[PDB]
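Chains as they are written, first to last, in the numbering used here: chain A, 36 to 371; chain B, 36 to 371; chain C, 36 to 371; chain D, 36 to 371. Reviewing the structure listed below.
Number of protein chains: 4
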Amino acid sequence: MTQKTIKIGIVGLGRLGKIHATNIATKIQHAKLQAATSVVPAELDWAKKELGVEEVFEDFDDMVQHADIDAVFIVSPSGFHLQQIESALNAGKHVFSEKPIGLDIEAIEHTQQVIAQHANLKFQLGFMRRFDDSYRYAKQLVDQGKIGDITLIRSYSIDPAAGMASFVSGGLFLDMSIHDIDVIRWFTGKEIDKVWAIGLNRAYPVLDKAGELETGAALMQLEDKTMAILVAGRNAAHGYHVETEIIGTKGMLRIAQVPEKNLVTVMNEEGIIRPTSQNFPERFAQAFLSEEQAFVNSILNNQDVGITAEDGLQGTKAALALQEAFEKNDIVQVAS
Amino acid sequence: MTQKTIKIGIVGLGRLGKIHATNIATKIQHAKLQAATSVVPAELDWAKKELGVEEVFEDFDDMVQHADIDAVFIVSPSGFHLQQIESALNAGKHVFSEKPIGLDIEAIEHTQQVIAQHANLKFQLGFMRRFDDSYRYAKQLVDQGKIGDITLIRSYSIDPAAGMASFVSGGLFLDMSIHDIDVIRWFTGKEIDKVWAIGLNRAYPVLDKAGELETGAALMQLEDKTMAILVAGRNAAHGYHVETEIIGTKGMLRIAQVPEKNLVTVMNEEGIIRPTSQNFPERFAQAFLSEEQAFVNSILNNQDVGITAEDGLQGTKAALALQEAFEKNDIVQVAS
Amino acid sequence: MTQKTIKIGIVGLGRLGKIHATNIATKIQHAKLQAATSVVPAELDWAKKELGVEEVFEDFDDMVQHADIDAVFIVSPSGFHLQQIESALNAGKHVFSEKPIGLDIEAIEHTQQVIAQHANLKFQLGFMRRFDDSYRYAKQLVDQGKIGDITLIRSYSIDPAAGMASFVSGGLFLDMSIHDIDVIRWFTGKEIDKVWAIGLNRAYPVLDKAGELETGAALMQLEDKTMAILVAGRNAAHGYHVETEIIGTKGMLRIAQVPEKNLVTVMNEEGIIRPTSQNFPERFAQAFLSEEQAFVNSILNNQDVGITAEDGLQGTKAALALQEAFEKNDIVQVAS
Amino acid sequence: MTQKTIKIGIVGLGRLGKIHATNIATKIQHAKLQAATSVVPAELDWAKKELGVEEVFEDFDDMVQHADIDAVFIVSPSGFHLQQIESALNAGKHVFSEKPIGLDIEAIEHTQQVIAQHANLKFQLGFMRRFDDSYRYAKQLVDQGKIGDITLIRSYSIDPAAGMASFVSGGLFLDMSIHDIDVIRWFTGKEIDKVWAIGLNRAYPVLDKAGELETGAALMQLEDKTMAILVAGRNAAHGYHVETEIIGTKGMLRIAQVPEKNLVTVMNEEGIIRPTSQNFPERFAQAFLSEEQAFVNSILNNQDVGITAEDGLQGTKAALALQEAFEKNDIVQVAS
């Protein structure tokens, strides 16, 4: 009977890897988590015991050469994405890769070429916000012309204070802002021209010498003089604050003005309380499932999803520009 | 020059009396707080020292007979309203009276007659919600036909838990619900036919034997089979909860769905917080000022405000019906 | 390998039946939609074509006698639930049944006996709100003692005006309020003693003669003098309004104070807009999936879910009491 | 009897001037609107007829030399503020001046000297947001240490689209952002070091050649590397959007996240609607009254309010810096 099962091998079983692994194994239609790769033995025992993964590997190339798989999910550290993407494509496997695509512009361009040489194989980057129901609803309003042309986008990505102690990386803007950059490109269809970024380690000055930032902000000018504002942070007291505001000529919208946990309002001595989502797995649970299913369906239906290596390239380049602008404390042109 | 100063004498310098007194003396245009009556000497010294009241009295009839006043504000305990209303009108004074108009239906009707015999004098009852900006905005929407005919009104009046200790009266529904009854009559233009009320002293069972209630609820059927729901209480943990919901054939609205204090949203470890108004003087500050100014302006302009003794009568009767329904634990017809 | 696949046969392929069918076939782990029963041929072709159901039946007893199934999902009209429950249990099948369990108290008690005689088989009623994330969050707060003892519950179930034209049944309270009754019992652990219900057909008087109601309201007194308020309706202009408020001695909460569609806020000429969920499949999508998975898992793990025939009985009895109270326009004791 | 009446002369009877005039004449305690100056005769007839102003003048120096006044309210166009401030102080009058203090840094410094030479006379600038109840509530939380040290402030001032047609000035940031600059200085106690501003005329390109901007955005770095973000605009579809967000080390708050008009929520076919405040007189009505009363009380009580010429100077300088940064499309240091 038509359209069978896509067998997937995963690499990277950190927090996010385990979410994708668990989802593929137990929720995603027409998919099997067949293989897993990790350099941490305990992670491979987990894959076998919890998810019943049949083939475990210590090495990614070993998995892609030998495992009974049609596709891979790449959830390794960012420095490994490009080489693993190329290897999987060269072994005839469809590829889902987490963001960022890579860290080095030249290396990324090498991978773009490899991808272009395997056009029959699916390649999808994990910009999961494109699959989130609220982002999609806003995108629809924008596409329908309901707020007119976009004049400004403000996007915030602030991690919960709960993560600061362990955090004390590639930089604040690469870590926190790449989804925001992609959202800006997605909604506008436009590119970013120049940026200025500033930052502070006011709560945790230890990050000064570690090179890092606890909170940063940026102003960006787009190609048609569209404006964008970013805030990125690692120290939100109220939970996981990911919010995107779009201002248009005819209206305005905000996606998660505040990060409401659910439909429950609590009233007590502190006033009126809306509990908040606390972390990315909670906030983006639906989006992760949707992007995984889209990847599997793309293979079965031979239809591209629309999230390209170019989207990856531009994401990384803008983030590098923000980083450079922060270090120089000056305006930087992205194309340079 | 046209339209001079209305000199007012006040009786009752409890919490609410002091608010009206302070407002008349310091905020209200074309008004002077000329006289004050109280059986508490400290209250009269307060009136003299804080507000510069020129004439103090221990007795209301003495004030109305002898003070240089055009009008009175009656803010005494409810059992004194009727006799003070009659005395003031018989002495040629315009009358503002706090709710309730009185407690006894027969006695109230006696006062309605006295009022009818002094039609040249203004008489206004302190149903301040009619002057509140939010209530007025909703009233306007209703009057303009924006929600169609009203099918149901739900109104809550819940005092803050901060007041329970002192509270441990005339009954819960007379105390808390008379404004709600008036709001229902005001918005609908309709009368209440029969009611059932229940109640509980779950947080403070001491009120069982004291006759009182800490929380009560009621269902009411209006003359055209319009529905109304009341909740009254003395134990709100989040502040002063006064909320009115109107459901119509074309739409629905809520006045203070939650009692927002101001425009400030706070985000911290507890989630997203909206601080709340804490007590009636805070919530209804604007309404008190507006009704006081309306009273003064009515006298200067010789124009009736529209809040009549009949509005007072029906308020008290419906509240008595709710009380009776609670005590009998059965449906009571208001007209009986 | 441990714990295989639960094969399910479904009866009833109306709107809700098709949701359960689609979910079981495509989303639920360890489940197969093996069989379907319907008296509408087009529905059986749908089951075969859309979901690949292998065995179709025109008759429920034929399905339960002959299909290769372990369990049934009963989503037929309410008058068929009891007989189909008994038949499935007598044929050794685990049973999920939609609410209400049945319509006749005596007939329901007959089925309770049959259920008691098949204790090895799972029986679960579709009170899906118990599986909804927001309801569960509130339940947790209540269970943890965060609002103290419950003094009052107000619950609204109002269907969108979009459905009125087709609607123009068993009565308004049986149709709309049974989930609310169950929620009240679930949160409190208490039973309902007596009720009064009123109603109106103000937008659609045609329902007067049809016996029906477009909007109704009720006050209920529980066994410990806990209070409850219901509103049920078929004419909400803003979408699907299902809201539950719980007032406790230490706090208060509302589940879906307003029925927010998602995390998107829109700002335009009309003010600040939150779009709303429009219908039950949208609002309770997660809850339906969760209750279906719970049913399958209960069978695999041999662990009862906790939603009993008694919960069904009490749901129907309270709804009948509300109906009787409405028709008599008087207080009715549920136990009578 | 102690503390008499402050007689005030006003200049400028545009929209804002008429608000101050009306307030002083009819609401403010211990104040009389004695005199008015305007070069528009109709405005002087208005002052006489509507407010009963006794002395009208065509010339400001004539008013301050000859009118029976103790103080002035300067609500003329911005280019006249400095010369009118100096004249009033030299004639022994207390001075309230609207923002901005002036437009030219050198000229402003000349006026600062004149002010320093009249220390016995009150001087207050109309930064009314400092008197707004919501801003004051947030200020209190910040002062009490509740959000810790401030890491970022984002402030938006967007005028309603209703004003665009007439608007089609001194620049967008001087017009719209001076209150935001002052708010940033007020809350932080810190100064602004360097800025970058960008802008667009996407809805109304006619403003390109007129020199103006319809929407602009800015990033600012403060002296301790505190961050600030501004958005200024003239084309808000939803009303008057003035919002200030403060992010601290321990928490976050927003003042008017959305510009709620009142406590009324409306539910209809468009979803859940909160109507919005439409213009500055509506939004800041309370603040205008409070700052006027503070000015009068400062004179009566001989106590400075705390809003100085320096606050004015820094407001104008930062706005000029934003303007320069926009024109050059580069980072500008405020102190240069």
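Beta carbons are placed, not taken as given, at the ideal position from N, Cα and C, and that holds for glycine.
Beta carbons nearer than 8 Å to chain A: which residues of the segment 69 to 85 of chain C have them?
none
Residues that residue 168 of chain A contacts on chain C, provided the C-beta gap is smaller than 7 Å:
297
In this structure, does DSSP put residue 90 of chain A in helix, strand or coil?
strand
Against chain B, does residue 219 of chain C count as a neighbour if the rule is that its beta carbon must be under 8 Å from one of theirs?
no
In angstroms with no decimal places, state the Cα-to-Cα distance between residue 71 of chain B and residue 50 of chain B.
14 Å
Could you check the C-alpha separation between residue 151 of chain A and residue 275 of chain A for me, to the nearest Å?
37 Å
Within 8 Å (strictly less), CB to CB, does residue 302 of chain B reach chain A?
yes
Proximity below 8 Å, CB of residue 319 of chain A to CB of residue 281 of chain A
no
Tell me whether residue 40 of chain B is buried or exposed, calling it buried when 16 or more other Cβ atoms sit within 10 Å of its Cβ.
exposed
Among A:336, A:80 and A:273, which has the Cα closest to the Cα of residue 195 of chain A?
A:273
By how many angstroms is the C-alpha of residue 211 of chain B removed from the C-alpha of residue 158 of chain B?
23 Å
Distance, Cα to Cα, residue 114 of chain D vs residue 302 of chain A?
51 Å
Under 8 Å, do residue 186 of chain A and residue 261 of chain A count as touching if we go by C-beta distance?
yes
Under 8 Å by Cβ, that's how I've got residue 128 of chain C and residue 143 of chain C pegged, so tell me the actual separation to the nearest angstrom.
At roughly 20 Å, the Cβ-Cβ gap does not stay under 8 Å, so residue 128 of chain C and residue 143 of chain C are not in contact.
Please report the distance separating the alpha-carbon of residue 100 of chain D from that of residue 126 of chain D.
6 Å
Could you run through the segment 275 to 292 of chain A and flag, in chain order, every residue whose CB is less than 8 Å away from some CB of chain C?
285, 286, 287, 288, 289, 290, 291 and 292
Got a sec: is the Cβ-Cβ distance from residue 260 of chain A to anything in chain D below 8 Å?
yes
Below-8 Å beta-carbon distance, residue 214 of chain C vs any chain B residue:
no
Please list the partners that residue 253 of chain C has in chain B, where partner means a Cβ-to-Cβ separation under 9 Å.
254
Roughly how far, in whole angstroms, is the beta-carbon of residue 199 of chain A from the beta-carbon of residue 230 of chain A, given that I think they are within contact range, below 8 Å?
Not a contact, Cβ separation roughly 26 Å.
Pairwise C-alpha distance: residue 134 of chain B and residue 60 of chain B:
21 Å
Just to make sure I have the definition right: I need the residues of chain C whose C-beta is within less than 7 Å of the C-beta of residue 173 of chain A. Which are they?
299
When you compare the CB of residue 142 of chain B with every CB in chain C, is at least one pair closer than 8 Å?
no
Check the Cβ of residue 64 of chain A against every Cβ in chain C and list those closer than 8 Å, keeping chain order.
61 and 62
Check this for me: beta carbons of residue 295 of chain A and residue 257 of chain A, under 8 Å apart or not?
no
Could you tell me how far apart the beta carbons of residue 267 of chain B and residue 207 of chain B are, in whole angstroms, since I believe they sit closer than 8 Å?
5 Å
Following the continuous alpha helix (DSSP H) through residue 149 of chain C, name the residue where it begins and the one where it ends.
140 to 151
Please return the same chain residues whose Cβ sits closer than 7 Å to the Cβ of residue 247 of chain C, not counting the five positions on each side in sequence.
204 and 207
Through-space distance from residue 337 of chain C to residue 87 of chain A, alpha-carbon basis:
22 Å
Mind listing, in chain order, the continuous beta strand (DSSP E) runs of no fewer than 3 residues lying wholly within the segment 44 to 106 of chain C?
66 to 72 and 90 to 92
The ligand ADP and residue 45 of chain C: does any heavy atom of the ligand fall closer than 7 Å to the residue's C-beta?
You won't find the ligand ADP in this model; it holds no ligand whatsoever.
Counting only beta-carbon separations shorter than 8 Å, does residue 223 of chain B have a partner in chain C?
no
Can you give me the start and stop residues for the beta strand (DSSP E) that residue 235 of chain B sits inside?
227 to 235
Contact belief for residue 82 of chain D with residue 91 of chain D at Cβ below 8 Å, rounded distance in angstroms:
6 Å
Short CB-CB distance (under 8 Å) between residue 317 of chain B and chain A:
no
With DSSP as the reference, label residue 317 of chain C as helix, strand or coil.
helix
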